[PDB]
Amino acid sequence: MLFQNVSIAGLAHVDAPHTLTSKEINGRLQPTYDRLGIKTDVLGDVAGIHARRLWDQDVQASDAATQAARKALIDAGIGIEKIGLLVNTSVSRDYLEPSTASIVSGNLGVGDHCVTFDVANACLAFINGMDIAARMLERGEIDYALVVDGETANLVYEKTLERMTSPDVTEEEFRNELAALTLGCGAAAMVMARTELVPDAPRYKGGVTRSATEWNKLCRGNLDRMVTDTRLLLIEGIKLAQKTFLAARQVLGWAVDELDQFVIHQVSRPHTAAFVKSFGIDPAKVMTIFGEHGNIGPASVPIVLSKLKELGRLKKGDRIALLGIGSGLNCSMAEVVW
């Protein structure tokens, strides 16, 4: 059941404007590192993150999704009146109600037939949103869909860092906060379309998903508290991808000589290194922005895809694997043929 008539008509990303160096952060962490007896630069020497970006101070996730969406429409050569679905896939959301998709829609000026809603699924939701749009397109219900994703980590830095002023932070608690200090701001959007409307545009085949929801307790995250079992996340994350790669061999025909680029959600330099080594992947076919942008959640995959496009690194016929292991645990692997 792969998709037959779904293409990618437009794709864009926004880099958030302010650079926050890990150096600056480390100056605020220093007293806590000292009190805990730790001398390792965990951000820069172990996670491999030297910088991440931040939005202006009162920017909303919907503002960033909206900008990306306007650039993707330009890329696609169409106006908003053609869009019949807009799905927001972000972890960052403006409010409980209405949906972030509603706000982005209203900002852009969609017409009264456009269907909107948010989807949420940790760092895989952008792929989920693609698949949801692809089924509507494949069926003929609509001609073009937007999938949008703006992520803001500003508040995470403000709260997380302000917790450091505290004599009270334990090592277990600090170790979770360091993980929050790998997150970054950014946004992306993609216009998907029925293939016949955009001949020669990249084609979206769809993909495969496996899950291990028995492991849903391995992490828990709010703005107030993040708890994780990073040992088992790694161990069970990798077993889940093994299983999911086997599904993609069977359904997509994936094999290492067949894949031109891997566009992978990333959590840290050493995690991505372990993954690449465990699967015999050529690190040159794995673009990374983690060093300068951190982890932008579910936006990471389309931002990397968009950066490959804009560098001219994608050629007609290139087989591109989109993939991620998200908390849940879930793993999705999908293919684009450029």
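Residues numbered from 1 in each chain as written, not as in the entry; some residues may be left out. Heavy atoms only, no water.

Here we take up the overall build of the protein chain. The helix and strand inventory of the protein chain stands at 11 helices and 13 strands. The C-alpha radius of gyration of the protein chain comes to 20 Å, within 12% of the 20 Å expected for a compact globule of 338 residues. With the C-alpha coordinates of the protein chain rotated into their principal frame, the extents come out at 65 × 45 × 40 Å. Put simply, 80% of the contacts in the protein chain that link residues at least 6 apart link residues at least 24 apart. Approximately 15300 Å² of the protein chain is accessible, and the part contributed by carbon and sulfur atoms is 51%. Positive and negative charge centroids in the protein chain, built from 35 and 41 side chains respectively, lie 5 Å apart. (Helix = DSSP H or I, 4+ residues; strand = E, 2+ residues; numbered from the N terminus. Rg over C-alpha atoms; globule rule 2.2 N^0.38 Å. Contact = heavy atoms within 4.5 Å. Areas by Shrake-Rupley, 256 points an atom, 1.4 Å probe, with all protein chains shown as cover. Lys, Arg positive; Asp, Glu negative; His and termini not counted. Charge placed at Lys NZ, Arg CZ, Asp CG, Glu CD.)

Let's shift gears to the pairing of strand β5 (residues 115–118). Here four bridges tie strand β4 (residues 83–88) to β5, and the two strands are oriented parallel to one another. What sits directly across from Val87, in β5, is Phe117. For the crossover that starts at β4, traverses helix α4 (residues 100–108) and ends in the parallel β5, the hand is right-handed. (Pairing = 2+ DSSP bridges. Right-handed = clockwise from strand over helix to strand, strands pointing away.)

Another aspect to go through is the nonpolar core. In summary, soluble globular proteins display a tendency toward joint burial of nonpolar side chains. Counting 48 residues, the largest nonpolar core has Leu29, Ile83, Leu146 and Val191 as the members making the most contacts within it. Apart from residues no more than four positions distant in its own chain, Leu146 is found in contact with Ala69, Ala72, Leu73, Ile80, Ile83, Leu85, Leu86, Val87, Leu108, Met190 and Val191. Judged by nonpolar contacts, the second largest core, of 39 residues, contains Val87, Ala188, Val263 and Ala299. (Core = buried A, V, L, I, M, F, W, Y, C linked by side-chain atoms within 4.5 Å. Buried < 20%, exposed > 50% of the residue type's maximum accessible area, 1.4 Å probe, protein only.)

Note that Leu232 resides in helix α8 (residues 230–252). The exposure class of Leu232 is buried, given its relative accessible area of 16%. For the pair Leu232 and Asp34, spaced 198 residues apart in sequence, the C-alpha separation works out to 28 Å. Apart from the residues lying within four places of it in its own chain, the contact partners of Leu232 are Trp215, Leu218 and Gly237.

So, on to the side chain of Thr244. Among the structural elements, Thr244 can be located in helix α8. When near neighbours in sequence (up to four residues on either side) are disregarded, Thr244 contacts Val208, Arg210, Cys331 and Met333.

Moving on to unusual backbone geometry. Backbone torsion omega between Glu97 and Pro98 reads 0 degrees, so that peptide bond is classified as cis. Turning to its location among the elements, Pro98 is positioned in the loop between β4 and α4. For the bond from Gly328 to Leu329, the omega torsion is -10 degrees, close enough to zero to count as cis. Structurally, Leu329 can be placed in the loop between β12 (319–326) and β13 (330–337). One non-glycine residue, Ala122, adopts positive backbone phi at about 50 degrees. On the secondary structure map, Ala122 appears in the loop between β5 and α5 (125–138). Residue class for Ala122 comes out partly exposed when judged on its relative accessible area of 26%. A positive phi angle, near 85 degrees, is found at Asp200, a position not held by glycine.

Let us now look at the domain arrangement of the protein chain. Its domain assignment divides the protein chain into domain 1 (1–198) and domain 2 (199–338). In this structure, domain 1 and domain 2 have C-alpha centres spaced 16 Å apart. Between domain 1 and domain 2 we count two salt bridges in total. With a closest N to O distance of 2.8 Å, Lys307 and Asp15 form a salt bridge. For the side of domain 1 that touches domain 2, the elements supplying multiple residues, two or more each, are β1 (6–15), α2 (42–47), β3 (51–54), α5, β6 (144–151), α6 (154–164), α7 (171–180) and β7 (186–194). For the side of domain 1 that touches domain 2, a count of residues per class yields 30 nonpolar, 15 polar and 12 charged. (Domains from an automatic or database assignment. Salt bridge = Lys/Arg side-chain N within 4 Å of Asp/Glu carboxyl O. Nonpolar A, V, L, I, M, F, W, Y, C, P; charged D, E, K, R; others polar.)

Turning next to the packing of helix α1 (residues 22–36) against α6. Look at α1 against α6: their axes get within 9 Å of each other, and the N-to-C directions meet at 30 degrees. Contacts between α1 and α6 involve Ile25, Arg28, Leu29 and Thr32 from the former and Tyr157, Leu161 and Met164 from the latter. In terms of residue class, the contact of α1 with α6 is built from five nonpolar, one polar and one charged. (Axes fitted to C-alpha atoms, helices over the stretch in contact; angles between N-to-C directions.)

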